[PDB]
file upload.cif (mmCIF, C-alpha atoms)
data_upload
loop_
_atom_site.group_PDB
_atom_site.id
_atom_site.type_symbol
_atom_site.label_atom_id
_atom_site.label_comp_id
_atom_site.auth_asym_id
_atom_site.auth_seq_id
_atom_site.Cartn_x
_atom_site.Cartn_y
_atom_site.Cartn_z
ATOM 1 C CA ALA A 1 94.864 15.480 122.339
ATOM 2 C CA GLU A 2 91.306 16.390 123.261
ATOM 3 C CA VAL A 3 88.003 14.765 124.229
ATOM 4 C CA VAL A 4 85.102 14.578 121.754
ATOM 5 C CA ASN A 5 81.777 12.823 122.520
ATOM 6 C CA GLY A 6 83.475 11.362 125.663
ATOM 7 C CA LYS A 7 86.436 9.751 123.792
ATOM 8 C CA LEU A 8 90.072 10.550 122.892
ATOM 9 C CA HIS A 9 90.229 12.382 119.586
ATOM 10 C CA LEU A 10 93.587 12.591 117.713
ATOM 11 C CA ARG A 11 94.816 14.892 114.951
ATOM 12 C CA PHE A 12 96.947 12.994 112.439
ATOM 13 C CA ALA A 13 99.124 14.306 109.573
ATOM 14 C CA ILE A 14 100.879 12.435 106.718
ATOM 15 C CA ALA A 15 103.708 13.891 104.612
ATOM 16 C CA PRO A 16 103.195 14.090 100.818
ATOM 17 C CA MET A 17 104.007 10.432 100.021
ATOM 18 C CA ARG A 18 102.013 10.621 96.747
ATOM 19 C CA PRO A 19 101.613 13.439 94.145
ATOM 20 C CA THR A 20 98.284 14.637 95.708
ATOM 21 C CA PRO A 21 96.923 14.839 99.298
ATOM 22 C CA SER A 22 93.906 12.739 98.097
ATOM 23 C CA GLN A 23 96.143 9.939 96.846
ATOM 24 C CA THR A 24 98.358 10.115 99.965
ATOM 25 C CA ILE A 25 95.384 9.917 102.327
ATOM 26 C CA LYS A 26 93.903 7.047 100.230
ATOM 27 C CA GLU A 27 97.044 4.922 100.600
ATOM 28 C CA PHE A 28 98.212 5.832 104.147
ATOM 29 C CA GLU A 29 95.005 6.631 106.146
ATOM 30 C CA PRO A 30 94.643 2.875 106.946
ATOM 31 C CA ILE A 31 97.668 2.699 109.291
ATOM 32 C CA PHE A 32 96.337 5.827 111.112
ATOM 33 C CA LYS A 33 92.768 4.434 111.240
ATOM 34 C CA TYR A 34 94.231 1.197 112.618
ATOM 35 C CA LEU A 35 96.177 3.139 115.261
ATOM 36 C CA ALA A 36 93.094 5.168 116.356
ATOM 37 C CA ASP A 37 90.960 1.987 116.366
ATOM 38 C CA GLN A 38 93.475 0.190 118.603
ATOM 39 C CA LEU A 39 93.297 3.150 121.059
ATOM 40 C CA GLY A 40 89.474 3.428 120.837
ATOM 41 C CA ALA A 41 89.947 6.997 119.585
ATOM 42 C CA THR A 42 88.366 9.067 116.866
ATOM 43 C CA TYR A 43 90.632 11.115 114.575
ATOM 44 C CA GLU A 44 91.144 13.777 111.926
ATOM 45 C CA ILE A 45 93.758 13.301 109.135
ATOM 46 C CA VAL A 46 95.388 15.893 106.841
ATOM 47 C CA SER A 47 98.194 15.691 104.258
ATOM 48 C CA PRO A 48 100.068 19.010 103.801
ATOM 49 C CA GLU A 49 101.364 19.891 100.325
ATOM 50 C CA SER A 50 105.075 19.678 101.288
ATOM 51 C CA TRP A 51 107.534 18.026 103.674
ATOM 52 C CA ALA A 52 108.277 21.472 105.086
ATOM 53 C CA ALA A 53 104.513 22.093 105.684
ATOM 54 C CA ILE A 54 104.069 19.001 107.887
ATOM 55 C CA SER A 55 107.097 19.977 109.996
ATOM 56 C CA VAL A 56 105.532 23.482 110.475
ATOM 57 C CA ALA A 57 102.127 21.931 111.339
ATOM 58 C CA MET A 58 103.719 19.791 114.036
ATOM 59 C CA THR A 59 105.781 22.715 115.390
ATOM 60 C CA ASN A 60 102.700 24.984 115.467
ATOM 61 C CA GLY A 61 100.657 22.527 117.625
ATOM 62 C CA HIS A 62 98.199 21.202 114.997
ATOM 63 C CA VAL A 63 99.264 17.519 115.149
ATOM 64 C CA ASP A 64 99.084 14.747 117.756
ATOM 65 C CA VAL A 65 100.781 12.026 115.631
ATOM 66 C CA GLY A 66 102.691 13.024 112.476
ATOM 67 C CA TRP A 67 104.468 11.061 109.777
ATOM 68 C CA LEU A 68 107.296 13.588 109.321
ATOM 69 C CA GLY A 69 110.378 13.373 107.164
ATOM 70 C CA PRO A 70 113.736 13.058 109.041
ATOM 71 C CA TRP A 71 114.768 16.716 108.590
ATOM 72 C CA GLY A 72 111.203 17.861 109.366
ATOM 73 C CA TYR A 73 111.414 15.949 112.664
ATOM 74 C CA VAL A 74 114.898 17.286 113.580
ATOM 75 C CA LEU A 75 113.803 20.867 112.837
ATOM 76 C CA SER A 76 110.540 20.441 114.752
ATOM 77 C CA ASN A 77 112.439 18.901 117.693
ATOM 78 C CA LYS A 78 114.735 21.997 117.725
ATOM 79 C CA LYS A 79 111.828 24.503 117.415
ATOM 80 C CA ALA A 80 109.185 22.833 119.644
ATOM 81 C CA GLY A 81 110.674 19.743 121.391
ATOM 82 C CA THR A 82 108.754 17.322 119.145
ATOM 83 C CA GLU A 83 109.568 13.689 120.062
ATOM 84 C CA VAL A 84 110.136 10.740 117.674
ATOM 85 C CA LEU A 85 108.515 7.368 118.553
ATOM 86 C CA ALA A 86 109.262 5.146 115.581
ATOM 87 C CA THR A 87 110.535 4.849 112.044
ATOM 88 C CA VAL A 88 108.807 3.099 109.149
ATOM 89 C CA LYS A 89 110.481 0.197 107.304
ATOM 90 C CA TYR A 90 110.619 0.010 103.542
ATOM 91 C CA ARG A 91 111.289 -3.477 102.261
ATOM 92 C CA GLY A 92 112.348 -4.301 105.829
ATOM 93 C CA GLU A 93 114.877 -1.492 106.309
ATOM 94 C CA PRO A 94 114.206 1.643 108.391
ATOM 95 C CA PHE A 95 116.836 3.730 106.615
ATOM 96 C CA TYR A 96 118.083 4.849 103.231
ATOM 97 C CA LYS A 97 121.249 6.532 101.901
ATOM 98 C CA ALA A 98 121.815 9.719 99.928
ATOM 99 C CA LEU A 99 124.037 9.209 96.847
ATOM 100 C CA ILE A 100 126.177 11.140 94.427
ATOM 101 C CA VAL A 101 126.228 9.287 91.124
ATOM 102 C CA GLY A 102 128.720 9.821 88.287
ATOM 103 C CA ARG A 103 129.160 8.806 84.642
ATOM 104 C CA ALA A 104 130.744 5.324 84.705
ATOM 105 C CA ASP A 105 133.677 6.672 82.578
ATOM 106 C CA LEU A 106 134.684 9.417 85.080
ATOM 107 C CA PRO A 107 138.325 8.871 86.157
ATOM 108 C CA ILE A 108 138.016 9.335 89.892
ATOM 109 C CA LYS A 109 140.833 7.856 91.945
ATOM 110 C CA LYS A 110 140.606 10.449 94.724
ATOM 111 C CA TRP A 111 137.127 11.701 95.724
ATOM 112 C CA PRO A 112 136.277 14.485 95.561
ATOM 113 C CA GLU A 113 139.490 16.161 94.391
ATOM 114 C CA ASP A 114 139.645 14.252 91.078
ATOM 115 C CA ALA A 115 136.134 15.637 90.320
ATOM 116 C CA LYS A 116 137.035 19.297 90.833
ATOM 117 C CA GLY A 117 135.590 21.420 87.988
ATOM 118 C CA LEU A 118 133.170 18.702 86.783
ATOM 119 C CA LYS A 119 129.446 19.362 86.489
ATOM 120 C CA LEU A 120 127.446 18.688 89.640
ATOM 121 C CA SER A 121 123.643 18.650 89.728
ATOM 122 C CA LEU A 122 121.892 18.718 93.129
ATOM 123 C CA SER A 123 118.186 18.877 93.737
ATOM 124 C CA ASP A 124 115.869 21.623 94.935
ATOM 125 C CA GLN A 125 116.955 22.858 98.370
ATOM 126 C CA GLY A 126 113.912 21.299 100.147
ATOM 127 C CA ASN A 127 115.050 17.797 99.310
ATOM 128 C CA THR A 128 116.969 16.208 102.180
ATOM 129 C CA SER A 129 118.719 13.442 100.263
ATOM 130 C CA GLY A 130 119.187 15.490 97.107
ATOM 131 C CA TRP A 131 120.436 18.789 98.567
ATOM 132 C CA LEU A 132 120.673 19.043 102.407
ATOM 133 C CA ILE A 133 122.795 15.930 102.845
ATOM 134 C CA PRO A 134 125.278 16.352 99.929
ATOM 135 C CA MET A 135 125.600 20.138 100.422
ATOM 136 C CA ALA A 136 126.335 19.513 104.141
ATOM 137 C CA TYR A 137 128.891 16.867 103.086
ATOM 138 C CA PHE A 138 130.774 19.314 100.840
ATOM 139 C CA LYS A 139 130.691 22.086 103.451
ATOM 140 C CA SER A 140 132.029 19.584 106.000
ATOM 141 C CA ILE A 141 135.261 19.230 103.960
ATOM 142 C CA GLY A 142 135.630 22.936 103.127
ATOM 143 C CA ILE A 143 134.067 22.781 99.629
ATOM 144 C CA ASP A 144 131.672 25.368 98.226
ATOM 145 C CA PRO A 145 130.056 23.367 95.389
ATOM 146 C CA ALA A 146 129.069 26.513 93.409
ATOM 147 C CA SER A 147 132.767 27.454 93.112
ATOM 148 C CA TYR A 148 134.333 23.961 93.124
ATOM 149 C CA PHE A 149 132.101 22.433 90.412
ATOM 150 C CA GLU A 150 130.162 23.592 87.389
ATOM 151 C CA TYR A 151 127.134 23.624 89.652
ATOM 152 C CA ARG A 152 123.356 23.360 89.108
ATOM 153 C CA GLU A 153 120.502 23.028 91.620
ATOM 154 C CA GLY A 154 116.867 22.103 91.030
ATOM 155 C CA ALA A 155 117.058 18.869 89.018
ATOM 156 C CA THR A 156 114.911 15.825 89.855
ATOM 157 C CA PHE A 157 116.623 12.534 90.563
ATOM 158 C CA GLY A 158 115.195 11.077 87.340
ATOM 159 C CA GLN A 159 116.700 14.005 85.381
ATOM 160 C CA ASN A 160 120.079 13.453 87.046
ATOM 161 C CA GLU A 161 120.131 9.696 86.364
ATOM 162 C CA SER A 162 118.912 10.002 82.714
ATOM 163 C CA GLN A 163 121.312 12.870 81.925
ATOM 164 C CA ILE A 164 124.253 10.965 83.488
ATOM 165 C CA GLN A 165 123.423 7.787 81.546
ATOM 166 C CA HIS A 166 123.336 9.787 78.282
ATOM 167 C CA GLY A 167 126.682 11.490 79.007
ATOM 168 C CA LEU A 168 125.248 15.033 79.210
ATOM 169 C CA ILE A 169 126.198 15.884 82.824
ATOM 170 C CA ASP A 170 128.849 14.458 85.132
ATOM 171 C CA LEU A 171 127.662 14.094 88.771
ATOM 172 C CA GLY A 172 124.211 14.208 90.334
ATOM 173 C CA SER A 173 122.475 13.474 93.557
ATOM 174 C CA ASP A 174 120.015 10.618 94.048
ATOM 175 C CA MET A 175 119.067 8.327 96.851
ATOM 176 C CA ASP A 176 119.561 4.597 96.877
ATOM 177 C CA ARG A 177 115.870 3.562 97.193
ATOM 178 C CA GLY A 178 115.072 5.784 94.196
ATOM 179 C CA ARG A 179 118.007 4.614 92.106
ATOM 180 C CA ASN A 180 117.103 0.986 92.819
ATOM 181 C CA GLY A 181 113.489 1.641 91.836
ATOM 182 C CA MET A 182 114.612 3.100 88.494
ATOM 183 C CA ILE A 183 116.868 0.073 87.850
ATOM 184 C CA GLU A 184 114.032 -2.366 88.807
ATOM 185 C CA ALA A 185 111.643 -0.464 86.493
ATOM 186 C CA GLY A 186 114.183 -0.748 83.653
ATOM 187 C CA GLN A 187 114.227 3.061 83.437
ATOM 188 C CA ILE A 188 118.035 3.376 83.650
ATOM 189 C CA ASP A 189 120.951 1.218 82.577
ATOM 190 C CA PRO A 190 123.154 1.073 85.742
ATOM 191 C CA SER A 191 126.243 -0.017 83.766
ATOM 192 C CA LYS A 192 126.497 3.611 82.486
ATOM 193 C CA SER A 193 126.772 5.163 86.008
ATOM 194 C CA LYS A 194 128.446 4.539 89.348
ATOM 195 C CA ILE A 195 128.038 5.635 92.943
ATOM 196 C CA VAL A 196 130.929 7.944 93.774
ATOM 197 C CA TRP A 197 129.728 8.863 97.309
ATOM 198 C CA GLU A 198 127.129 7.499 99.731
ATOM 199 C CA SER A 199 125.918 9.072 102.973
ATOM 200 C CA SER A 200 125.641 7.310 106.293
ATOM 201 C CA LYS A 201 122.211 5.817 107.104
ATOM 202 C CA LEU A 202 119.280 8.224 107.132
ATOM 203 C CA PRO A 203 115.996 7.219 108.869
ATOM 204 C CA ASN A 204 113.078 6.861 106.405
ATOM 205 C CA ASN A 205 110.749 9.093 108.403
ATOM 206 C CA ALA A 206 109.806 9.985 111.992
ATOM 207 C CA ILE A 207 106.479 9.052 113.586
ATOM 208 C CA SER A 208 106.346 12.111 115.804
ATOM 209 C CA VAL A 209 104.356 13.550 118.697
ATOM 210 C CA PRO A 210 104.406 16.913 120.501
ATOM 211 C CA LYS A 211 106.624 17.673 123.499
ATOM 212 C CA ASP A 212 105.033 16.325 126.731
ATOM 213 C CA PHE A 213 102.639 14.033 124.827
ATOM 214 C CA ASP A 214 101.165 11.615 127.379
ATOM 215 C CA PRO A 215 103.876 9.006 128.178
ATOM 216 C CA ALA A 216 101.297 6.161 128.431
ATOM 217 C CA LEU A 217 100.021 6.973 124.899
ATOM 218 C CA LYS A 218 103.583 7.330 123.466
ATOM 219 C CA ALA A 219 104.367 3.817 124.754
ATOM 220 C CA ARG A 220 101.076 2.428 123.494
ATOM 221 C CA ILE A 221 101.451 3.991 120.042
ATOM 222 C CA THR A 222 105.015 2.635 119.820
ATOM 223 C CA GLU A 223 103.855 -0.898 120.877
ATOM 224 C CA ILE A 224 100.911 -0.880 118.405
ATOM 225 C CA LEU A 225 103.083 0.168 115.441
ATOM 226 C CA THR A 226 106.238 -1.897 116.236
ATOM 227 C CA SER A 227 104.083 -5.042 116.945
ATOM 228 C CA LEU A 228 102.830 -5.164 113.371
ATOM 229 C CA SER A 229 103.878 -8.154 111.267
ATOM 230 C CA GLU A 230 105.335 -7.435 107.866
ATOM 231 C CA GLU A 231 102.077 -8.606 106.216
ATOM 232 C CA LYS A 232 99.744 -6.620 108.490
ATOM 233 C CA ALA A 233 101.863 -3.417 108.245
ATOM 234 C CA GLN A 234 102.018 -3.740 104.454
ATOM 235 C CA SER A 235 98.221 -4.277 104.247
ATOM 236 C CA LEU A 236 97.811 -0.844 105.887
ATOM 237 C CA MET A 237 100.370 1.209 103.936
ATOM 238 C CA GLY A 238 101.549 2.007 100.397
ATOM 239 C CA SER A 239 103.761 -0.504 98.625
ATOM 240 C CA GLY A 240 107.098 -1.332 100.329
ATOM 241 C CA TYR A 241 106.249 0.164 103.741
ATOM 242 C CA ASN A 242 106.164 -3.057 105.838
ATOM 243 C CA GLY A 243 106.894 -2.402 109.473
ATOM 244 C CA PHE A 244 107.972 -0.035 112.203
ATOM 245 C CA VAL A 245 111.006 0.081 114.524
ATOM 246 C CA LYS A 246 111.361 2.007 117.767
ATOM 247 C CA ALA A 247 113.337 5.179 117.223
ATOM 248 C CA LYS A 248 115.155 7.799 119.180
ATOM 249 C CA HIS A 249 116.589 11.240 118.487
ATOM 250 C CA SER A 250 120.196 9.964 118.106
ATOM 251 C CA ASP A 251 119.095 7.887 115.055
ATOM 252 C CA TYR A 252 118.748 11.279 113.256
ATOM 253 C CA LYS A 253 122.370 12.394 113.974
ATOM 254 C CA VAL A 254 123.447 12.504 110.306
ATOM 255 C CA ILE A 255 120.387 14.682 109.564
ATOM 256 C CA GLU A 256 120.959 16.935 112.550
ATOM 257 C CA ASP A 257 124.660 17.344 111.693
ATOM 258 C CA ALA A 258 123.740 18.371 108.142
ATOM 259 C CA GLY A 259 121.209 20.990 109.283
ATOM 260 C CA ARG A 260 123.733 22.212 111.857
ATOM 261 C CA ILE A 261 126.543 22.919 109.364
ATOM 262 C CA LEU A 262 124.212 24.701 106.904
ATOM 263 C CA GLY A 263 123.158 27.092 109.716
ATOM 264 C CA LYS A 264 119.599 25.712 109.729
ATOM 265 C CA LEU A 265 119.496 25.146 113.476
ATOM 266 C CA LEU A 266 120.548 28.685 114.409
ATOM 267 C CA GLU A 267 117.789 30.598 116.258
#
call {"tool": "encode", "arguments": {"input": "upload.cif", "output": "structure tokens"}}
result
Amino acid sequence: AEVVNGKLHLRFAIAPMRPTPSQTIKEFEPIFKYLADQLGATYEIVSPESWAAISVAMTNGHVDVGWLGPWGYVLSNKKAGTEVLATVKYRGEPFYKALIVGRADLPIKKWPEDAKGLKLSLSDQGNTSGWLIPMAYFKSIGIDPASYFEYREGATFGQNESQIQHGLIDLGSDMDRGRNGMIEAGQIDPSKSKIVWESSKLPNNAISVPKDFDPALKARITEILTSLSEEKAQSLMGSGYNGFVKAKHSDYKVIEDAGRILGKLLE
């Protein structure tokens, strides 16, 4: 937070919501422009190439207000004391759930023991809902997925869902917003799969600021974002994103617990 031409000037950053920084900034700059306008501030906006990159940018002091992912926030909080102000709503909900999905014909009476030795497909390690959360779940009950299952990492959620539906793999990670989107789009037949495990609620994101960011501004940013009507918030953001709720660190407990058990919060 600095002064330029006699005015507050803010550095904003948006996670990679869309396949390119250009497309992300096109669709999400409006909520940031709105925020800066409501403060009478000028601004800069960047969109790093990865969810990890925006966490690093915030940690390394390059960002006044960041749209971080939940794990990016928790890590940045641990490393630099980054504070969360709010969480974005998608179709009115500020949270999602990580899933493990299975072929509909899998005989699973006891989870996960009945699935021992089956194929499991998790995502690339940088994906919170596809890897961090389910891997932390297995570790939390004494399971090493690489030894317990016929295990693969690196699949996309679309690969997992299509391969499950076609009977080629057994279990795969997904997240509920994504699975629903694929059903709505007619891209998968949900009768051929079932949810065998769901996480607790995970916050969609974290609107974040540095440690010791001016308390007056924190409050004002929170008020400006949480005051938005569904229609006004949606007019300023990509499809589905339609409000903000006030947030606090404890909302991220499931995320923090997962990073904790995988040794990702050790100094």
call {"tool": "residues_around", "arguments": {"input": "upload.cif", "residues": "segment 90-107 of chain A", "least_positions_apart": "2", "cutoff": "8 Å", "atoms": "only C-alpha atoms", "output": "PyMOL selection string"}}
result
chain A and resi 87-88+109+114+129-130+133-134+161+164-165+167+169-177+191-204+230+240-245
call {"tool": "resolve_selection", "arguments": {"input": "upload.cif", "expression": "the PyMOL selection byres ((chain A and resi 123) around 6)", "output": "NGL selection string"}}
result
:A and (122 or 124 or 130-131 or 153-156)
call {"tool": "closest_atom_pairs", "arguments": {"input": "upload.cif", "of": "segment 73-189 of chain A", "to": "segment 246-255 of chain A", "cutoff": "7 Å", "atoms": "all atoms listed in the file", "output": "tab-separated table"}}
result
residue	atom	partner	partner_atom	distance
A:84	CA	A:248	CA	6.0
A:85	CA	A:247	CA	5.5
A:86	CA	A:246	CA	4.4
A:87	CA	A:247	CA	5.9
call {"tool": "closest_residue", "arguments": {"input": "upload.cif", "among": "A:119, A:264, A:7, A:220", "to": "residue 40 of chain A", "atoms": "only C-alpha atoms"}}
result
A:7
call {"tool": "resolve_selection", "arguments": {"input": "upload.cif", "expression": "the PyMOL selection byres ((chain A and resi 212) around 9)", "output": "PyMOL selection string"}}
result
chain A and resi 81-83+209-211+213-215
call {"tool": "write_last_selection", "arguments": {"input": "upload.cif", "atoms": "C-alpha atoms", "output": "PDB file, in the frame of the given file"}}
result
ATOM      1  CA  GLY A  81     110.674  19.743 121.391  1.00  0.00           C
ATOM      2  CA  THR A  82     108.754  17.322 119.145  1.00  0.00           C
ATOM      3  CA  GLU A  83     109.568  13.689 120.062  1.00  0.00           C
ATOM      4  CA  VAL A 209     104.356  13.550 118.697  1.00  0.00           C
ATOM      5  CA  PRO A 210     104.406  16.913 120.501  1.00  0.00           C
ATOM      6  CA  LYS A 211     106.624  17.673 123.499  1.00  0.00           C
ATOM      7  CA  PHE A 213     102.639  14.033 124.827  1.00  0.00           C
ATOM      8  CA  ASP A 214     101.165  11.615 127.379  1.00  0.00           C
ATOM      9  CA  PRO A 215     103.876   9.006 128.178  1.00  0.00           C
TER      10      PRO A 215
END
call {"tool": "atom_distance", "arguments": {"input": "upload.cif", "atom1": "atom CA of residue 206 of chain A", "atom2": "atom CA of residue 52 of chain A"}}
result
13.5 Å
call {"tool": "decode", "arguments": {"input": "upload.cif", "residues": "segment 82-103 of chain A", "atoms": "N, CA and C atoms", "output": "mmCIF file, in the first residue's frame"}}
result
data_model
loop_
_atom_site.group_PDB
_atom_site.id
_atom_site.type_symbol
_atom_site.label_atom_id
_atom_site.label_comp_id
_atom_site.auth_asym_id
_atom_site.auth_seq_id
_atom_site.Cartn_x
_atom_site.Cartn_y
_atom_site.Cartn_z
ATOM 1 N N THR A 82 -0.144 -13.631 6.386
ATOM 2 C CA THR A 82 -1.255 -13.206 5.527
ATOM 3 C C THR A 82 -2.608 -13.414 6.223
ATOM 4 N N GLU A 83 -3.530 -12.444 6.091
ATOM 5 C CA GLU A 83 -4.835 -12.501 6.705
ATOM 6 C C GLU A 83 -5.928 -12.649 5.634
ATOM 7 N N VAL A 84 -6.944 -13.475 5.923
ATOM 8 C CA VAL A 84 -8.110 -13.641 5.062
ATOM 9 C C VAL A 84 -9.208 -12.674 5.519
ATOM 10 N N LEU A 85 -9.839 -12.002 4.555
ATOM 11 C CA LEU A 85 -10.975 -11.093 4.791
ATOM 12 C C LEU A 85 -12.322 -11.728 4.433
ATOM 13 N N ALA A 86 -12.368 -12.466 3.322
ATOM 14 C CA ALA A 86 -13.648 -12.873 2.788
ATOM 15 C C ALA A 86 -13.448 -14.092 1.890
ATOM 16 N N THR A 87 -14.573 -14.735 1.564
ATOM 17 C CA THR A 87 -14.617 -15.827 0.654
ATOM 18 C C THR A 87 -15.712 -15.578 -0.378
ATOM 19 N N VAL A 88 -15.422 -15.892 -1.638
ATOM 20 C CA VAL A 88 -16.348 -15.716 -2.726
ATOM 21 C C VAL A 88 -17.388 -16.849 -2.712
ATOM 22 N N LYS A 89 -18.620 -16.488 -3.066
ATOM 23 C CA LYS A 89 -19.721 -17.430 -3.282
ATOM 24 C C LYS A 89 -19.787 -17.831 -4.734
ATOM 25 N N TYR A 90 -20.091 -19.120 -4.947
ATOM 26 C CA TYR A 90 -20.393 -19.642 -6.259
ATOM 27 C C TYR A 90 -21.759 -20.307 -6.182
ATOM 28 N N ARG A 91 -22.655 -19.804 -7.031
ATOM 29 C CA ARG A 91 -24.075 -20.108 -6.950
ATOM 30 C C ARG A 91 -24.595 -20.022 -5.518
ATOM 31 N N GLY A 92 -24.149 -19.001 -4.774
ATOM 32 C CA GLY A 92 -24.640 -18.723 -3.443
ATOM 33 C C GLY A 92 -23.939 -19.437 -2.292
ATOM 34 N N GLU A 93 -23.018 -20.365 -2.597
ATOM 35 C CA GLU A 93 -22.329 -21.085 -1.546
ATOM 36 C C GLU A 93 -20.856 -20.706 -1.540
ATOM 37 N N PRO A 94 -20.295 -20.442 -0.344
ATOM 38 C CA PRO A 94 -18.891 -20.080 -0.210
ATOM 39 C C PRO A 94 -17.918 -21.255 -0.063
ATOM 40 N N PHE A 95 -18.391 -22.459 -0.336
ATOM 41 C CA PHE A 95 -17.580 -23.643 -0.094
ATOM 42 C C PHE A 95 -17.893 -24.680 -1.167
ATOM 43 N N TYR A 96 -16.970 -25.634 -1.268
ATOM 44 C CA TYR A 96 -17.146 -26.811 -2.103
ATOM 45 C C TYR A 96 -16.645 -28.030 -1.310
ATOM 46 N N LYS A 97 -16.776 -29.215 -1.895
ATOM 47 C CA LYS A 97 -16.276 -30.452 -1.317
ATOM 48 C C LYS A 97 -15.428 -31.226 -2.319
ATOM 49 N N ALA A 98 -14.324 -31.771 -1.811
ATOM 50 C CA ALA A 98 -13.524 -32.746 -2.553
ATOM 51 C C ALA A 98 -14.270 -34.081 -2.529
ATOM 52 N N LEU A 99 -14.188 -34.833 -3.647
ATOM 53 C CA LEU A 99 -14.825 -36.142 -3.766
ATOM 54 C C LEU A 99 -13.834 -37.248 -4.153
ATOM 55 N N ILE A 100 -14.151 -38.484 -3.755
ATOM 56 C CA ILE A 100 -13.653 -39.650 -4.461
ATOM 57 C C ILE A 100 -14.887 -40.340 -5.047
ATOM 58 N N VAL A 101 -14.782 -40.570 -6.358
ATOM 59 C CA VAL A 101 -15.874 -41.152 -7.135
ATOM 60 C C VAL A 101 -15.445 -42.556 -7.542
ATOM 61 N N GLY A 102 -16.421 -43.474 -7.626
ATOM 62 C CA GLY A 102 -16.180 -44.858 -7.981
ATOM 63 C C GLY A 102 -17.177 -45.329 -9.031
ATOM 64 N N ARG A 103 -16.750 -46.331 -9.804
ATOM 65 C CA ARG A 103 -17.702 -47.054 -10.696
ATOM 66 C C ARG A 103 -18.945 -47.399 -9.881
#
